[PDB]
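Okay, work.tsv is below, TSV, N, CA and C atoms:
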```tsv
chain	number	residue	atom	x	y	z
A	1	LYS	N	14.37	-8.11	2.88
A	1	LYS	CA	13.12	-7.35	3.16
A	1	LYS	C	13.06	-6.32	2.01
A	2	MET	N	12.61	-6.78	0.83
A	2	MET	CA	12.51	-5.93	-0.38
A	2	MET	C	11.29	-6.34	-1.27
A	3	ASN	N	10.09	-6.15	-0.70
A	3	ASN	CA	8.78	-6.40	-1.33
A	3	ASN	C	7.75	-5.44	-0.69
A	4	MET	N	7.63	-5.40	0.66
A	4	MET	CA	6.71	-4.45	1.36
A	4	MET	C	7.30	-2.98	1.43
A	5	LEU	N	8.15	-2.58	0.46
A	5	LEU	CA	8.75	-1.24	0.33
A	5	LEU	C	7.70	-0.30	-0.33
A	6	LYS	N	7.31	-0.65	-1.57
A	6	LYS	CA	6.28	0.05	-2.37
A	6	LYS	C	4.88	-0.50	-1.98
A	7	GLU	N	4.71	-1.83	-1.76
A	7	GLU	CA	3.42	-2.44	-1.33
A	7	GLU	C	2.94	-1.88	0.03
A	8	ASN	N	3.81	-1.61	1.04
A	8	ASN	CA	3.34	-1.00	2.33
A	8	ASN	C	2.81	0.45	2.07
A	9	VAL	N	3.58	1.26	1.31
A	9	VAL	CA	3.23	2.64	0.91
A	9	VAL	C	1.94	2.74	-0.01
A	10	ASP	N	1.51	1.61	-0.62
A	10	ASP	CA	0.32	1.45	-1.46
A	10	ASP	C	-0.85	0.99	-0.52
A	11	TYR	N	-0.59	0.13	0.50
A	11	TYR	CA	-1.57	-0.36	1.51
A	11	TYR	C	-2.16	0.75	2.44
A	12	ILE	N	-1.31	1.68	2.94
A	12	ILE	CA	-1.73	2.83	3.79
A	12	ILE	C	-2.64	3.75	2.91
A	13	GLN	N	-2.17	4.12	1.70
A	13	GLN	CA	-2.94	4.92	0.73
A	13	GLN	C	-4.23	4.15	0.28
A	14	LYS	N	-4.22	2.79	0.19
A	14	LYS	CA	-5.41	1.99	-0.18
A	14	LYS	C	-6.54	2.00	0.92
A	15	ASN	N	-6.19	2.06	2.22
A	15	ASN	CA	-7.15	2.13	3.35
A	15	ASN	C	-8.07	3.39	3.36
A	16	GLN	N	-7.41	4.55	3.25
A	16	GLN	CA	-8.01	5.89	3.25
A	16	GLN	C	-8.65	6.37	1.91
A	17	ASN	N	-7.96	6.14	0.77
A	17	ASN	CA	-8.43	6.54	-0.59
A	17	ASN	C	-9.38	5.51	-1.28
A	18	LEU	N	-9.17	4.18	-1.10
A	18	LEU	CA	-10.03	3.10	-1.66
A	18	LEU	C	-10.14	3.10	-3.22
A	19	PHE	N	-8.98	2.93	-3.90
A	19	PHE	CA	-8.87	2.90	-5.38
A	19	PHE	C	-9.09	1.48	-6.01
A	20	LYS	N	-10.24	0.83	-5.75
A	20	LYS	CA	-10.57	-0.52	-6.28
A	20	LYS	C	-11.14	-0.42	-7.72
```

Starting from the file, lay out its structure as C-alpha cells.
Amino acid sequence: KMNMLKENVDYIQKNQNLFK
C-alpha cells in the first residue's frame, strides 16, 4: 500500500481547491 500516500493527500486538496 504505497501509491495512495501522496495521491490521497492530492485528491482531498483537489475536491475543495480544484487546480485543473

Go through chain A and collect every residue that DSSP, computed from the backbone, puts in alpha helix (DSSP H); the answer should be as a ChimeraX atom specification. /A:6-17

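Note that atom CA of residue 20 of chain A and atom N of residue 7 of chain A are 16.0 Å apart.
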
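The space between atom C of residue 15 of chain A and atom CA of residue 1 of chain A spans 23.8 Å.
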
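Taking atom C of residue 2 of chain A and atom C of residue 17 of chain A as endpoints, the distance between them is 23.8 Å.
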
Test item: write chain A with N, CA and C atoms as a PDB file, in the first residue's frame:
```
ATOM      1  N   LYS A   1       0.917  -1.161   0.000  1.00  0.00           N
ATOM      2  CA  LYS A   1       0.000   0.000   0.000  1.00  0.00           C
ATOM      3  C   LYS A   1       0.959   1.214   0.000  1.00  0.00           C
ATOM      4  N   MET A   2       1.501   1.538  -1.193  1.00  0.00           N
ATOM      5  CA  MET A   2       2.449   2.659  -1.368  1.00  0.00           C
ATOM      6  C   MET A   2       2.286   3.344  -2.762  1.00  0.00           C
ATOM      7  N   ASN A   3       1.108   3.959  -2.940  1.00  0.00           N
ATOM      8  CA  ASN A   3       0.702   4.728  -4.144  1.00  0.00           C
ATOM      9  C   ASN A   3      -0.326   5.798  -3.699  1.00  0.00           C
ATOM     10  N   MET A   4      -1.415   5.422  -2.978  1.00  0.00           N
ATOM     11  CA  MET A   4      -2.409   6.397  -2.456  1.00  0.00           C
ATOM     12  C   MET A   4      -1.896   7.149  -1.161  1.00  0.00           C
ATOM     13  N   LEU A   5      -0.566   7.318  -0.999  1.00  0.00           N
ATOM     14  CA  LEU A   5       0.090   8.029   0.119  1.00  0.00           C
ATOM     15  C   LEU A   5       0.034   9.557  -0.186  1.00  0.00           C
ATOM     16  N   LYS A   6       0.667   9.952  -1.306  1.00  0.00           N
ATOM     17  CA  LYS A   6       0.699  11.327  -1.836  1.00  0.00           C
ATOM     18  C   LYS A   6      -0.571  11.561  -2.706  1.00  0.00           C
ATOM     19  N   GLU A   7      -1.012  10.579  -3.535  1.00  0.00           N
ATOM     20  CA  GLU A   7      -2.247  10.693  -4.360  1.00  0.00           C
ATOM     21  C   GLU A   7      -3.516  10.909  -3.493  1.00  0.00           C
ATOM     22  N   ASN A   8      -3.679  10.267  -2.304  1.00  0.00           N
ATOM     23  CA  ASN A   8      -4.869  10.535  -1.432  1.00  0.00           C
ATOM     24  C   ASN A   8      -4.837  12.011  -0.912  1.00  0.00           C
ATOM     25  N   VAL A   9      -3.667  12.454  -0.407  1.00  0.00           N
ATOM     26  CA  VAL A   9      -3.411  13.827   0.082  1.00  0.00           C
ATOM     27  C   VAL A   9      -3.536  14.946  -1.039  1.00  0.00           C
ATOM     28  N   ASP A  10      -3.496  14.552  -2.333  1.00  0.00           N
ATOM     29  CA  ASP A  10      -3.655  15.392  -3.524  1.00  0.00           C
ATOM     30  C   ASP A  10      -5.178  15.374  -3.911  1.00  0.00           C
ATOM     31  N   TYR A  11      -5.893  14.225  -3.764  1.00  0.00           N
ATOM     32  CA  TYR A  11      -7.343  14.048  -4.031  1.00  0.00           C
ATOM     33  C   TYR A  11      -8.283  14.884  -3.105  1.00  0.00           C
ATOM     34  N   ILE A  12      -7.998  14.931  -1.780  1.00  0.00           N
ATOM     35  CA  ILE A  12      -8.762  15.731  -0.777  1.00  0.00           C
ATOM     36  C   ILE A  12      -8.568  17.237  -1.143  1.00  0.00           C
ATOM     37  N   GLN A  13      -7.302  17.678  -1.326  1.00  0.00           N
ATOM     38  CA  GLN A  13      -6.969  19.051  -1.750  1.00  0.00           C
ATOM     39  C   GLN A  13      -7.561  19.358  -3.172  1.00  0.00           C
ATOM     40  N   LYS A  14      -7.654  18.360  -4.097  1.00  0.00           N
ATOM     41  CA  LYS A  14      -8.255  18.552  -5.445  1.00  0.00           C
ATOM     42  C   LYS A  14      -9.803  18.809  -5.411  1.00  0.00           C
ATOM     43  N   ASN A  15     -10.550  18.193  -4.470  1.00  0.00           N
ATOM     44  CA  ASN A  15     -12.013  18.392  -4.301  1.00  0.00           C
ATOM     45  C   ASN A  15     -12.450  19.849  -3.954  1.00  0.00           C
ATOM     46  N   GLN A  16     -11.798  20.385  -2.915  1.00  0.00           N
ATOM     47  CA  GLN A  16     -12.016  21.729  -2.365  1.00  0.00           C
ATOM     48  C   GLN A  16     -11.349  22.915  -3.129  1.00  0.00           C
ATOM     49  N   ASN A  17     -10.079  22.764  -3.551  1.00  0.00           N
ATOM     50  CA  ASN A  17      -9.309  23.798  -4.288  1.00  0.00           C
ATOM     51  C   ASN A  17      -9.529  23.804  -5.836  1.00  0.00           C
ATOM     52  N   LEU A  18      -9.706  22.627  -6.486  1.00  0.00           N
ATOM     53  CA  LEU A  18      -9.970  22.495  -7.948  1.00  0.00           C
ATOM     54  C   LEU A  18      -8.869  23.104  -8.873  1.00  0.00           C
ATOM     55  N   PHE A  19      -7.632  22.571  -8.759  1.00  0.00           N
ATOM     56  CA  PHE A  19      -6.450  23.005  -9.543  1.00  0.00           C
ATOM     57  C   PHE A  19      -6.295  22.284 -10.929  1.00  0.00           C
ATOM     58  N   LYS A  20      -7.326  22.345 -11.804  1.00  0.00           N
ATOM     59  CA  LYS A  20      -7.304  21.705 -13.141  1.00  0.00           C
ATOM     60  C   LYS A  20      -6.572  22.608 -14.176  1.00  0.00           C
TER      61      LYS A  20
END
```
